[PDB]
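See structure below.
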Amino acid sequence: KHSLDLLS
Amino acid sequence: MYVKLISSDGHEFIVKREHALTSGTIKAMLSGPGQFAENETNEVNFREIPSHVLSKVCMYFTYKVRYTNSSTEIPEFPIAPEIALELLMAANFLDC
Amino acid sequence: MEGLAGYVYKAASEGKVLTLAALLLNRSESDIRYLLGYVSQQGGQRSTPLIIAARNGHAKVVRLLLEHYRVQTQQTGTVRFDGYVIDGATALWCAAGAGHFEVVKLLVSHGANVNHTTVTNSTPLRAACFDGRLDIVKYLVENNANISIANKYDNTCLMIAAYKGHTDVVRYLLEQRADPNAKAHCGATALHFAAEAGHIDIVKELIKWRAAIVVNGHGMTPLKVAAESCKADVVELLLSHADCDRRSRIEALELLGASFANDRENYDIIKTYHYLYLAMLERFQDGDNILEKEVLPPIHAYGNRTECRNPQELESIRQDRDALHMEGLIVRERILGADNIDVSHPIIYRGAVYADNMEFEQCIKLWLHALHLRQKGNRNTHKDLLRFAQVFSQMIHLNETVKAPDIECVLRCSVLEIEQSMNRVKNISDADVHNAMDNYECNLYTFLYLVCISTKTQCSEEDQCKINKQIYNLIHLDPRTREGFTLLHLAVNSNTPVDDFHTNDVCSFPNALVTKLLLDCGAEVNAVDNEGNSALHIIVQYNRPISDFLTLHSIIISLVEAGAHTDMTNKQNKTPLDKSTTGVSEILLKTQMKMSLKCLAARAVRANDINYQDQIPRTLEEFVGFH
Amino acid sequence: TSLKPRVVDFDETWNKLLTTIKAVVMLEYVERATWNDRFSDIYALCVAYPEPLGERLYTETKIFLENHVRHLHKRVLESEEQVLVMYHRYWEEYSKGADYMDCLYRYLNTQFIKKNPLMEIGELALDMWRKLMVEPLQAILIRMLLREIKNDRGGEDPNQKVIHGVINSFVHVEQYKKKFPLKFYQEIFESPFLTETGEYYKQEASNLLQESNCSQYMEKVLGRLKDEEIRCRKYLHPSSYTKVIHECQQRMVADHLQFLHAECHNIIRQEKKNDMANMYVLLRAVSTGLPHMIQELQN
Amino acid sequence: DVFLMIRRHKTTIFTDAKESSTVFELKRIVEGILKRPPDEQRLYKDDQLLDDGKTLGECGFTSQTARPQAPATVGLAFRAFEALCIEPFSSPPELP
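Residue numbers (PDB author numbering), protein chains in the order written: chain L, -22 to -15; chain E, 17 to 112; chain H, 1 to 627; chain C, 1 to 116, 135 to 317; chain F, 2 to 81, 85 to 100.
What follows is the structure in structure tokens.
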């Protein structure tokens, strides 16, 4: 995931 | 995540996979060249366990998963007198 | 007649002209003013019937009230929400914000204050172009509206209009001599706001208005603002203004090219290389006036490459995506000085993408640089620590060895951030106390996850010593959760929150290793929260004893051997035996309850209210207070 | 048919069972229906009437294993220079094959062997790999391994996967031992390796000392140690990390303290900051390195 | 805390649901298990139809009548309407 949802 | 335990009569007792791996052989039957890592069927063919006692085995799976860590006067497992001595060797085969 | 006023307010908002006329029929002059002019509360908004009539665009209600009842257009009330608690706005301001031209014309003709000022010096023209209706903006300006009037942050009618995609009003305001050299609260002009909005039409009219490009309060040109916004169209229009000289236009081309290498929604390799090569071509073409860049020494976080000075170097790493991103980052911080708002955030996106394909080692060091700069900038990094602990948990679940000095420096950053939140909540008033406490709790939870993943990693002796030293420092800082839970309470609780990511695979509470580490660093083993529950009271209530009896036995014996008074009473006088709700935990505590005459004597002292103040050892007054 | 004890002919059920256990130890393909049907065959043999055939099943399985790993041993020894890659190719086939066969033989393990000196099939298959394939090849393996490690020191790039799997085989082959599971790995590999790396780094310390001053010897030594933390991370067991680093320290920076302590004077009294940092990291790990340098700095 | 044995002709599914849940959740579950959309399957109770609206709490699936050690059976019919044709379990042997 990471940048998929943690980026914001 | 739903293993399909077939019985001697074709009664496919679909049960939660985490529930069924409480038994050693079902854990072993899905380990090795029986994994089928595709989450499509994951079926197990018990060619020697009658359906009427495999159903009780599945109730035991659910009962054990529910009342594992509770130990707060757990209700007694209903084993009919006639189905015992079939459940005994069924749990011998399907360890625990 | 309070219910009648609410009915009048309800009728005007619902547009019931028939019901409003019936409610207001046969009413005296005092009754009319009481019914039309009272402030009513509904849905978190305190608005008058005339104010609420303009927001909903009920022209018939507005005309009926103004023509017959001649209600004054100076009513004040709380309007709108979502960051808008603006008070003192009249009915004209509400209609302008709602984009209703007919209500504005009716109000102004009836005597609305065109140059009305709210609490934050907001003009009705400011809200008129906020919605985006040209007729409302044209009507107010023709009705003697002062465009130069701004708020306390100096955002005029042109600046508020440039936020959105309303090309008609910004061009019209430029026709009415809008000042292009105005400075906002942070030294910002209208060009800064239009550059980040990605509106080439608004920006290109400002340069035709002789915008007089000047840096903001922080010291960045509006061209650089659009350069970091990955808006090539906005950037590639200032070259014809003939005022950027050569250094400013070539640093924007590099910044524009650098920004395309690190963006969630504007990432593309081909466009990034095209602009970066063009920036390098213009530097190394004239020869006599060749432009040379002052490259910083290679940061260990920024790989090992010290940019690409030679022209062959840039062409060689065109096919390498990693070097393409790395070269953009170095010039991204070099232009801004690595102390800007949006320097670390593109690095965070670069690492997160780099971690999505089983690559970890270079992902970590990028976030260390992001964590390092934000600490210098007094920026809270609770989300950064949370995602960092999540990535370590994902590594550990993947049985991957996590480097320990990174955990050490991240723990140092964590305790520094917790101290920053401590003195922040010391200085921050009730305005943002809820957000400050939320960030405080998040910081404590992330620190606990970091301690847990440190205990889940086999580290060296010196590394473990450093980690325990840092935990000792934070324990001496003595954090306190809003429930009064110290660090020990959260490490033994089962209600301690764990984020939905891979931390559930590694981090869990209560955890024996974390409690042992906290007790090793001299944590307050007898800490009492607001309710009264000690460190022992929280785990004797644990509801799953048999499943993880190892991690309940270990924590019980660790707490007891660390001096946790097993007979301690909360504010309700409940010993941990009483607050057990479990046979297993109760008996496991009873096996650790070394009965002492001191406990019985203290209980007998405090039971019958014997004055023990200063008549016993000072180490016994707190001991009696335990019971 | 039910789970009651029934009359079973061993010479036919075993033949119906050998075709599966022979194809699961080689990681071939066996259909899921056959694999699920075999679990009844071990059960039928283990509760056969009127005498359980658990002894016959275990003895025949042990005979088949010693006739299979020995067949693998001849093939691995058949290849002259490829014995490392032939061992690894026949180990990952057999390490997972032994685990799958242990899964197949679960009823035999938990109701005949564990209930009654006998080893479970998971333990037996591995213990019969270290008796018929490792130990006869022990001289060849821990000679070609150290040649590969020595070539890795020499700058060559061996197959990391093969060497790591072969070295990890020595500790995985004794994963079922309750007491000292790494005794074989330290006996067969670490002691022949720590002695080997000791000689190599003593030679390298003497060679570096013959062409470099103290301002260059320390940088090269720290280069070797930094590489040694990698040349042992991708080849050896995680328990061997601290032993190899500590042994290469006390062969290259603790056998030459006379060279380092004497040159510590000129390093400290001229503020050679780049050299002083390198000496401190070098002398900290040595047992008696710092207590002189400290003194010098104080002076 | 309700346990159900959803019955096909032979196929049986062992499901667990909350004390406050409706039929739509079980329809979604059997869609996720049997790969059958819920628009052609309707649940049952001792051979009488159930509607998608009402909850299982008042439907008769109380916590003390669908305990995990003895879950209550639930019918299931698939459109190819077809009547419920659940096959019972095997006959237990007589006491020896």
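No residue lacks a Cβ here, since even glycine has one placed at the ideal position from N, Cα and C.
Item: Residues of the region 61 to 78 of chain E with Cβ closer than 7 Å to any Cβ of chain F, in chain order; Value: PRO66, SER67, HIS68, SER71, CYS74, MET75 and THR78
Item: CB contact check: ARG387 of chain H to chain E, cutoff 8 Å; Value: no
Item: Beta carbon proximity, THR38 of chain E to chain H, threshold 8 Å; Value: no
Item: Beta-carbon spacing of residue 630 of chain H, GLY165 of chain H below 8 Å; Value: Residue 630 of chain H lies beyond the residue range present for chain H, which begins at 1 and ends at 627; the question has no answer from this structure.
Item: At least three beta-carbon pairs within less than 8 Å, the region 147 to 165 of chain H to the region 112 to 122 of chain H; Value: yes
Item: DSSP beta-bridge partners of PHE29 of chain E; Value: E:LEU21 and F:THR13
Item: Strand pairing of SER40 of chain H, partner residues [DSSP]; Value: H:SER47
Item: Segments assigned beta strand (DSSP E), at least 3 residues, entirely inside the region 493 to 559 of chain H; Value: none
Item: Sub-8 Å separation of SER94 of chain F and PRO66 of chain E beta-carbons; Value: yes
Item: Euclidean distance between Cα positions of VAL85 of chain C and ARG321 of chain H; Value: 35 Å
Item: Contact set between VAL31 of chain E and chain F, taken where Cβ atoms lie within less than 7 Å; Value: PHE15
Item: Contact set between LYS4 of chain C and chain E, taken where Cβ atoms lie within less than 8 Å; Value: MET105
Item: Coarse secondary structure for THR575 of chain H, derived from DSSP in three states; Value: coil
Item: Bridge partners - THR1 of chain C, DSSP secondary structure assignment; Value: Looking at the DSSP assignment, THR1 of chain C forms no beta bridge with any residue, so it has no partner.
Item: For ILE7 of chain F, the residue or residues it bridges with in DSSP; Value: F:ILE14 and F:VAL75
Item: Separation of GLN458 of chain H from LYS19 of chain F, as counted between CA atoms; Value: 42 Å
Item: Environment of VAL239 of chain C [buried if 16+ CB atoms lie within 10 Å]; Value: buried
Item: CB contact below 8 Å: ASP245 of chain C versus chain E; Value: no
Item: Beta-carbon spacing of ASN380 of chain H, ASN439 of chain H below 8 Å; Value: yes
Item: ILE34 of chain F at chain E interface by Cβ criterion, 8 Å; Value: yes
Item: Closest by C-alpha distance to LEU450 of chain H, when choosing among H:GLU205, H:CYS507, H:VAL492 and H:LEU416; Value: H:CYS507
Item: For residue 83 of chain F, three-class secondary structure by DSSP; Value: Residue numbering in chain F breaks between 81 and 85, and residue 83 of chain F falls inside that break, so it has no position here.
Item: Host beta strand (DSSP E) of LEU44 of chain F (start-end); Value: 42 to 44
Item: Per-residue contacts from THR84 of chain E into chain H (C-beta, under 8 Å); Value: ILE546 and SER547
Item: Integer-rounded CB distance, given that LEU371 of chain H should sit under 8 Å from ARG350 of chain H; Value: Going by Cβ atoms, the distance from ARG350 of chain H to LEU371 of chain H rounds to 14 Å, so no, they are not a contact pair.
Item: Chain-ordered neighbours of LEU99 of chain F on chain E, where CB pairs are closer than 8 Å; Value: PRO97 and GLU98
Item: Within chain C, partners of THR88 of chain E - CB distance below 9 Å; Value: Near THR88 of chain E there are no residues of chain C at all, since even the closest Cβ is about 30 Å away, more than 9 Å.
Item: Span separating the alpha-carbon of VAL103 of chain H from that of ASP31 of chain H; Value: 25 Å
Item: Buried or exposed by the 16-neighbour rule on C-beta atoms within 10 Å, applied to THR486 of chain H; Value: buried
Item: Per-residue burial, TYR153 of chain H [other beta carbons within 10 Å of its own, 16 or more giving buried]; Value: exposed
Item: Exposed unless 16 or more other CB atoms sit within 10 angstroms - verdict on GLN70 of chain F; Value: buried
Item: Chain L within 8 Å of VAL353 of chain H, Cβ atoms only; Value: yes
Item: Whole-angstrom distance between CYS409 of chain H and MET220 of chain H, CA atom to CA atom; Value: 32 Å
Item: Exposure label - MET270 of chain C; buried when at least 16 CB within 10 Å; Value: buried
Item: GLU28 of chain E at chain F interface by Cβ criterion, 8 Å; Value: yes
Item: Short CB-CB distance (under 8 Å) between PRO49 of chain E and chain C; Value: yes
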